[PDB]
Each structure stands twice: as C-alpha cells, then as structure tokens.
Number of protein chains: 2
Amino acid sequence: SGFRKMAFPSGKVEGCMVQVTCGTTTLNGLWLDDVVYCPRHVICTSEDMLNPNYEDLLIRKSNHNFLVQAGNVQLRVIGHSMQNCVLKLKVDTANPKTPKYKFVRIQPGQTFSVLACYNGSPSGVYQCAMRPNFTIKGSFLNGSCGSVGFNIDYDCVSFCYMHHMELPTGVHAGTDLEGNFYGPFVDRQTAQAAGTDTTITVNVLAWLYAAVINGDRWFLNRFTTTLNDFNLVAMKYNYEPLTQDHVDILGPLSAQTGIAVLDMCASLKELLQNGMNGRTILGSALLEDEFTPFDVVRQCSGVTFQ
Amino acid sequence: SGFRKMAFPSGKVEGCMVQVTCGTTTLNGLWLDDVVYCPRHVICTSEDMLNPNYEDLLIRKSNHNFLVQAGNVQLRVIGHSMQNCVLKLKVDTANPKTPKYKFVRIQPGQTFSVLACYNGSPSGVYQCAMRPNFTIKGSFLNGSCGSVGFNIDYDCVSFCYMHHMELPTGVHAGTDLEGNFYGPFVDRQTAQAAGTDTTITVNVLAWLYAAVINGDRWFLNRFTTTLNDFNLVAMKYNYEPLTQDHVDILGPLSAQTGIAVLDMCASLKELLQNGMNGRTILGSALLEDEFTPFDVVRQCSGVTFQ
Ligand SMILES: Cc1cc([C@@H](C)Nc2ccccc2C(=O)O)c2nc(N3CCOCC3)cc(=O)n2c1
Ligand SMILES: Cc1cc([C@@H](C)Nc2ccccc2C(=O)O)c2nc(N3CCOCC3)cc(=O)n2c1
Ligand SMILES: [Ca+2]
Ligand SMILES: [Ca+2]
Ligand SMILES: [Cl-]
Ligand SMILES: [Cl-]
Ligand SMILES: [Cl-]
Ligand SMILES: [Cl-]
C-alpha cells in the first residue's frame, strides 16, 4: 500500500547520456545507436541567444567542432544535421548500451520521468507531467539542457522530451526528440510566457481513486452529478473539461473500486467548492493532477520493467 | 530553477536486483560481489509469519533450496547464513555489475531513494525519509520485500534500507543491510504500531531555504526568535526540537541566502501558528520535511554521479 510520486527506473537512460561541447557551450546529449541528439542551441554563445540565426551559425561548424564524450571515452563525429530544434550528430560507434526505444510526442496531461543531467552525468530522476499549456514544472539548472524525459513499457524506452529552456516564470519548455517544441515556445531568449495553467481533471480523479484504494475516503459523499453540471464547476476553477473519453479511461478504476465515475466527480466538485478544511489526501493538502489513470493502475498493481 | 522530490539515478542498483525463491515465497534480493542479501522471512509460509522460529525453520533448508535468478540467469548457491533479520546467500559468481558500495545505518530524518522491485525486476524509484519513529512512508505491494533504499555519493552506493514489513497503519518498516530493523519492529505479523510521527524540523527549515532561493518568499516576516522560544512552538506542533547542531548544518544555506537561521525559525513559527491561509510553497500546501539540508544544496547546485 501507499502512493508515491514514482519515476521509472533510469538505468536504461543513464547508459545513453553523453556530454556535447561546441566551443564554449557544454550540455547533454542522448546517444542511441550511432546518433547523438542534443539541443541545437549548443552552437550558440550567450551573445547569440537573443536573435540567433541557427542556419547561419551552423555553416561555420564542422564535424570536428562537436566534442562528444561518453563518460571518459571520446566519440568520433562523422556527420551532423539539424532537424527542427535538435542537432543530430552521427558517430562512428553504436552505443552498446542502447536500449530498445521509440520517439513519441506526448499529449498534454500525460506524465513522464525526467533524468536530470549535467556534463553528461546523471544527477537525479523525478516524475513530470506535460501541462495543458505545454510547459513542465521541473528542476533544471544551467547545464541541464539536453536532459530527456521518457516512459518505460517493459523493455522499451519511449523518449518524449528534451529540455531546452527555462521561462522567466520559472517553468520549463522543450521539444520531442524530433526537435519540435511542445507548445508555442522557441529556442530564443525573447518575451515568451506560459498561458493559463489549467488542472488536469482526469488525473485528479484518478488520484482520488488511488486515495480510496488506500483508505483515504473522507472525501466520498452522498452526491452525484452530470458531465455538463460538473464541467460548469471545472471551468470556474480552471480545470480542464471532462469528456466521455476521460470517463471511459477511468472505467477500470471505477470497476475496481465500485465508485461510479460521476459519483467521484461529485466528490471532486465538493472539494473544489469547499476546500479540504485542513485535511489531507494521500499526504497532500492540494488536489494532485500529475498521476494519469495508467499511473494509478501501474503503481497499484506492481508492473515491472526489463 | 525549480525544486522537485528527486531520487538518485537507480541504474547502479538496478544491476544488483535479483529474485529469491524459497519453495513457496518469492521476493527480491540484492546481489553484491558473490553474496545475495534478502529478508529472512523468505523462508516462511504465510502460516509461519504469526510466530516464526526462524532458527528452526532454517534448519530444514539447504543451499539448493534457495533459487536465485538474475534476470534470466540462475545463480548457483554455495552457502547460506542468517545475520539478524537478513539471509545472506553465497553464490559462485561475483555480480559483474557490482558498483562501489557501502552499508550504512542512517539516522532518523535522513533521506534516501527506494528502488521498488517485484520478482527481481525494478518497477519505480522515489525518495523517502527515515521518520523520527523509524518508519518510512513508501509504496510497497506484496512481493516488494527485499527492495532496497540507498544514497549515491559520486561513484559509491551507500545501501541503508531493505524493506520487510507493512504495518497495519499503512506505513513501512525494514532493516539496514546487516539485518537490524530500524526502530522496535520485528519480522512477525503481531500487534506492532508506529509511535508519534514527529515532523523533521531541520528539514522543513532547509526546504524553506530552498523556497526562498526560487522566489517563493511570501512567508518571510519581520520577526526573529530564539532556540528555546521556537522549541516551545515546535513541541506544541509535534516538531522535533531544534538543536545548535541543526542550526550549524543550516549554516551554508543561511550564508547563501543571507537569512539568519533564527529569522527563518520565526517564519516557520508564524506558519505553524497561522497556517498558510490557502497559499502554497514550492507547489505544496503543507510544510515539507523530507528534504535534508544536503538535499537542498545538492539539487540547488547540480551535483552529479558516476
Ligand atoms: C556520414 C554523414 C551523414 C550525413 C547525413 C546525410 N546523415 C546524418 C547526419 C547526422 C545524423 C544522422 C545522420 C544519418 O544519416 O542517420 C551527414 N550530413 C551533413 N550535413 C551538413 C550539411 O547539411 C546537411 C547535413 C554533414 C556530414 O558530414 N554527414 C556525414
Ligand atoms: C562456502 C560456504 C560459506 C559459508 C559461510 C561460512 N560464509 C558465508 C555464508 C553466506 C554468505 C556469505 C558467506 C561468506 O563467507 O562471505 C557457509 N555457511 C553455511 N551456514 C549454515 C549453518 O549455519 C552457519 C551458516 C552453510 C554453507 O554451506 N556455507 C558455505
Ligand atoms: Ca530482446
Ligand atoms: Ca574506480
Ligand atoms: Cl532502467
Ligand atoms: Cl555506452
Ligand atoms: Cl545509477
Ligand atoms: Cl549482473
């Protein structure tokens, strides 16, 4: 029993982390097969990050300008290319620690683990969610760019995030592994800010199911509601609208606990309208929205990985 | 920037996890050099866990009764011994993935990462603290026994916890890697319950320092206090007494931020007496006490590991 914000085991990703240096700048790269992936702004000086012309800055770079180090061993770069906002470096050796992997562009509300790295060395692992406004609330310092986010399905690592930028807000923005930013952000230090940070309703509901499975049930009530009635409340509190697709995804948790989804919605409605009155749920005094329904089923059943 | 509940990279430990089966029972073991460590109650049936005589139950076991599997490969057991509440199995092959490691018995209030495992397969990683009452608030299901907790210092893994028992309360108890339980708990399913769960004051203070370093400073006030005055408040709210040793450990964070430790104590005092008034600190509506001062300095500076 017990519920915790749980990250995937990071060993498979640790074996893919390398250090990439372009003249003055050092950040992290991801080494899979014979390609190293890193943020293209590695080719930039801090003087360039205001209005960089990435295509022009890359004309002055050759393969031998990209210094790639896997732990202690230097990799030989035999080609380079820009794909959207990521630089791909072809090396002459396939990473022997390459796991089975895929590249995935995740949807807002989905969760993933982040391996925070500096100078190609792993530092820590924690769980994140892609916010509805396409930011993540992470822990990233200077040098952490190129750290990746991922999910693990038994033996396969699905890479979904590469870290690029910290916004003035203190939240974080980045790309998928094809180099396309999540949301409207660009790899330029300009005036960009995050939109409304809406709460992921279906995740809060999943987490309430997780709470009931663990004995935290003081929030269950005698009420029910409808999708349209609940959504009037969700809107007022800057919650995402709940759809029938969300209800269906909660099906297994509804079946396991015998709590109708709309009954749980009426519990959430009361929590939003009245607060918690100084109580707690699964050790939290706030409503948690970075557990997906799959996350709750995963943890509450004990699924393992290669 | 940003602060997150961050676990150590788990790869070095993943390579040490194995499955141990004794007749009917399967749990996890830790394979370091040519020894496998696991909870001794692997030799028990569910009928034995009420009043087990571990010495008598072990008389009927031989080396070939202990089935040890590292992923897919079976290990040959050439000796077995009981040390306190842990069973040590000598195998004929040294784990080639053995990291540099040590065994450490941690103090209450110290934190560590847990690699939750089932059938010798890693499932997830999360950060824990040894509570003042010698329990941990973890995420453990049946089959998770033998999962370990650890800290990583650059290249060295310091193992500090092995999971054994879930108390009726829903909290968790276990041993160091010499098999000595933390606290008064025993590996018997009897009437045992946790004592008063006191809050780790020095950790809350460290986390308030972490908050200021990130722009959450609404809780700073115009007040100060004394150790004895603050401790009158700590006692009332079931906080651990703060000592000069605690003040000294907070020195580096006090120096970095220019906030006198006793000034921060007056901020915590006001928070305890008035609550948060519906505000939040580093994304929490509660006062967090599972970050040590070292944890805050670690994350806020970017220390990495082998
Ligand atoms: C041996 C090889 C291969 C490539 C290209 C064709 N292929 C890759 C380049 C980078 C990473 C992966 C690959 C790949 O083929 O999988 C490549 N692309 C280069 N570019 C610079 C000018 O603009 C176009 C890209 C330069 C170079 O020396 N290359 C060498
Ligand atoms: C080859 C070897 C070695 C040992 C002991 C001496 N050594 C270990 C036993 C278990 C794990 C590690 C070691 C070690 O020597 O490091 C050992 N201890 C056994 N015991 C059963 C009866 O009560 C005493 C223990 C049985 C056995 O076949 N052993 C075989
Ligand atoms: Ca295979
Ligand atoms: Ca060495
Ligand atoms: Cl892994
Ligand atoms: Cl490698
Ligand atoms: Cl590791
Ligand atoms: Cl191994």
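Residues numbered from 1 in each chain as written, not as in the entry; some residues may be left out. Chains lettered and ligands numbered in written order. Heavy atoms only, no water.

The PDB entry annotates chain A as 3C-like proteinase originating from Severe acute respiratory syndrome coronavirus 2. The title given to this PDB entry is "Structure of SARS-CoV-2 Main Protease bound to AZD6482".

Peer 1: Tell me about the side chain of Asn95 of chain A, residues and numbers included.
Peer 2: Residue and element names in this part refer to chain A. Relative to the assigned elements, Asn95 resides in the loop between β7 (86-91) and β8 (100-103). Within the structure, the side chain of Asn95 is placed 2.9 Å from the backbone oxygen of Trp31, a separation counted as a polar contact. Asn95 has contacts with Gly15, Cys16, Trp31 and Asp33, leaving out every residue within four places of it along the chain. (Helix = DSSP H or I, 4+ residues; strand = E, 2+ residues; numbered from the N terminus. Polar contact = N/O pair within 3.5 Å; in protein donor to acceptor, adjacent residues only side chain to side chain. Contact = heavy atoms within 4.5 Å.)

Peer 1: I'd love a proper account of the sheet that holds strand β4 (residues 66-70) of chain A, names of residues and values included.
Peer 2: Sheets are built from strands paired through backbone hydrogen bonds, the pairs being either parallel or antiparallel. All names here are of chain A. Pairing within the open sheet is antiparallel, and its seven strands lie in the order β5-β4-β1-β2-β3-β7-β6. Whereas interior strands pair on both sides, the edge strands pair on one side only; in this sheet they are β5 (73-75) and β6 (77-83). Across the sheet, the axes of successive neighbouring strands diverge by a mean angle of 30°, strand direction being ignored. When strand β3 (residues 35-39) meets β7, the two strands line up antiparallel, connected through five bridges. Paired with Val36 across the bridge in β7 is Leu89. (Pairing = 2+ DSSP bridges. Axes fitted to C-alpha atoms, helices over the stretch in contact; angles between N-to-C directions.)

Peer 1: Describe the site of ligand 2, listing the residues and the values that go with them.
Peer 2: Residue and element names in this part refer to chain B. Residues in contact with ligand 2, as listed here, are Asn63, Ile78, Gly79, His80, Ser81, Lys88 and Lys90. Between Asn63 and ligand 2, the recorded distance is 3.3 Å, taken from a side-chain N or O atom to an oxygen atom. At a separation of 2.8 Å, a nitrogen atom of ligand 2 approaches a polar backbone atom of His80. Elements with a minimum of two residues in the shell around ligand 2: β6 (77-83) and β7 (86-91). Its residues assigned to classes, the shell around ligand 2 comprises one nonpolar, four polar and two charged. (Near = heavy atom within 4 Å. Nonpolar A, V, L, I, M, F, W, Y, C, P; charged D, E, K, R; others polar.)

Peer 1: Now, about helix α7 (residues 261-274) of chain A: what can you tell me, with residues and values included?
Peer 2: Residue and element names in this part refer to chain A. With 14 residues, α7 should reach 20 Å at 1.5 Å per residue; the first-to-last C-alpha distance of 20 Å fits that figure. Of all the positions in α7, only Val261, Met264, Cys265, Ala266, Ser267, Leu268, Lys269, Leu271 and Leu272 are classed as buried. Those residues of α7 hidden inside the fold are in contact with α3 (201-212), α4 (227-236), α5 (244-249) and α6 (251-257). A positive backbone phi angle near 75° is found at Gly275, which sits one or two residues after α7. (Expected span 1.5 Å × (residues − 1). Buried < 20%, exposed > 50% of the residue type's maximum accessible area, 1.4 Å probe, protein only.)

Peer 1: Can you tell me about the environment of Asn231 of chain B, naming the residues and giving the values?
Peer 2: Residues and elements named next belong to chain B. Here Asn231 is to be found in helix α4 (residues 227-236). For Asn231, a relative accessible area of 16% corresponds to the buried category. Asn231 sits 161 residues away from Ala70 along the chain, and the two C-alpha atoms are 50 Å apart. Those residues in contact with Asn231 that sit more than four places away from it in its chain are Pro241 and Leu242. A polar contact is formed between the side chain of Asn231 and the backbone nitrogen of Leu242, at a distance of 2.9 Å.

Peer 1: Before we move on, could you go through the pairing of β6 of chain A and cite the residues and values that matter?
Peer 2: All names here are of chain A. Sheet topology note: the β6/β7 ladder contains six bridges and is antiparallel. Among the inter-strand pairings, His80 is bridged to a residue of β7, identified as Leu89. Where β6 hands over to β7, the hairpin turn is made up of two residues, of which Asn84 adopts a positive phi near 55°.

Peer 1: Can you tell me about the relation of the copies chain B and chain A, naming the residues and giving the values?
Peer 2: Mapping chain B onto chain A is achieved by rotating through 180° and translating by 0.0 Å along the same axis, at an RMSD of 0.0 Å. Overall, the copies show the geometry of a two-fold rotation axis. In terms of C-alpha distance to the rotation axis, chain B has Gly11 of chain B as its closest residue, with the C-alpha 1.7 Å off the axis. Most of the interface of chain B is mirrored in chain A: 100% of its interface residues are interface residues there too. (Least-squares fit on C-alpha atoms.)

Peer 1: Explain the side chain of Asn203 of chain A to me, and be specific about the residues and the numbers.
Peer 2: For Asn203 of chain A, the position within the fold is in helix α3. When near neighbours in sequence (up to four residues on either side) are disregarded, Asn203 of chain A contacts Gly109, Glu288, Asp289, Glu290, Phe291, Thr292 and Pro293 of chain A.

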